[PDB]
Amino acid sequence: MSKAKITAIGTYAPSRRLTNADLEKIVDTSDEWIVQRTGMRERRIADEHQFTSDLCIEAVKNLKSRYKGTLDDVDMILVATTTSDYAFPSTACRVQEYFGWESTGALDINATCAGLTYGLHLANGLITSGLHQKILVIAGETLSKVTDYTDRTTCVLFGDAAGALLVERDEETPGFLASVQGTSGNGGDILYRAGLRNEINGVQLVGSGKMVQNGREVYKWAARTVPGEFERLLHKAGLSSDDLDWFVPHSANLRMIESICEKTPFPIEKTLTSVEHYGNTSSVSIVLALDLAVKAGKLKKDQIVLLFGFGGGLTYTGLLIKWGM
């Protein structure tokens, strides 16, 4: 029985846009090919000098300007990212540096594109257990700096952004209704970026440190995993799909989301995305989709939302939440 609720949101995307017309001019592709395979038209790119922590701070500033309460109260900062400024100090510690909160834990977490829903799962457990009260769950990514822009199959997908969600103790009405998780470690060679190691199964990695994906195998894994766990979520919470107001999967690819929406029985018109003008922002994709929906009037207080973050690992966390703002 959850004692946690999501009560504020903020997002920031860097100003520089990367259009398909800009991409036709550096790789051999076309606007029509891109929009047809992926659904994206633009992405935001961080400046040469602005990094993930800079984006996370902006995202929290946006939340700060839009939240009727105070953030001096925050007692945990969770930052889900893959493009941290430094190996350490962590990005969460950079956020604390800037706002100066006096008594908070700070932690970077890594589940790649599932990082946001992993972070919200963590906040739900930390609050519900009575260990925390105000927790900042932040996703921020600088995918442009680890993207192979010599590769037509991948450089058209990725953008930069950050988004922040505030979670609080709510003892009246639960804000988290159910959770599903799973990990398919066997898929680690299907979606990766090199680090200290440069081989997986004794097989040398490609990409020269940049992100690498087997798009079809990722697509196939999402398509065969999300529908059943979608159903399992609704069962765990005692809910029908008719009770579900919005479906917010990880915005990796509009066709993938369309496909998922057919294999699951769920309509695309009840599905929030952010892929068209921000590309695939990894752990930030879901926050962007939510804030676009908040700004557009589609997402309203007390609605039932299903966030399904999945990514590299392969791993995922699916969440049924009740909008609390």
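Start at 1 and count along the sequence shown; that's the residue number.
Trainee: Tell me which stretch has the larger mean Cα B-factor in this entry, 252-260 or 22-30.
Mentor: Between 252-260 and 22-30, it is 22-30.
Trainee: Per the PDB record, is the mean Cα temperature factor higher over 83-91 or over 204-212?
Mentor: The stretch with the larger average C-alpha B-factor is 204-212.
Trainee: Comparing recorded Cα B-factors across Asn110, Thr117, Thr128, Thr153, which one is largest?
Mentor: Top of the list by C-alpha B-factor: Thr153.
Trainee: Pick out which of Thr104, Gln133, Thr173, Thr183 has the highest C-alpha B-factor in the PDB entry.
Mentor: Of the options given, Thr173 has the highest CA B-factor in the PDB entry.
Trainee: Should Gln50 be placed in the lowest, middle or highest third of its chain by the C-alpha B factor in the entry?
Mentor: Highest third - that is where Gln50 ends up once the chain's C-alpha B-factors are sorted.
Trainee: Per the entry's values, where does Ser282 land by CA temperature factor relative to the rest of its chain, in the lowest, middle or highest third?
Mentor: According to the entry, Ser282 has a C-alpha B-factor in the chain's lowest third.
Trainee: Once the chain's modelled residues are ordered by C-alpha B factor and cut into thirds, is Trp246 in the lowest, middle or highest one?
Mentor: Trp246: CA B-factor falls in the highest third of its chain.
Trainee: So where's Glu141 on the chain's Cα temperature factor ranking, which third?
Mentor: Ranked within chain, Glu141 CA B lands in the lowest tercile.
Trainee: Just say lowest, middle or highest third for the CA B-factor of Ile57 relative to the other modelled residues in its chain.
Mentor: Middle third - that is where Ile57 ends up once the chain's C-alpha B-factors are sorted.
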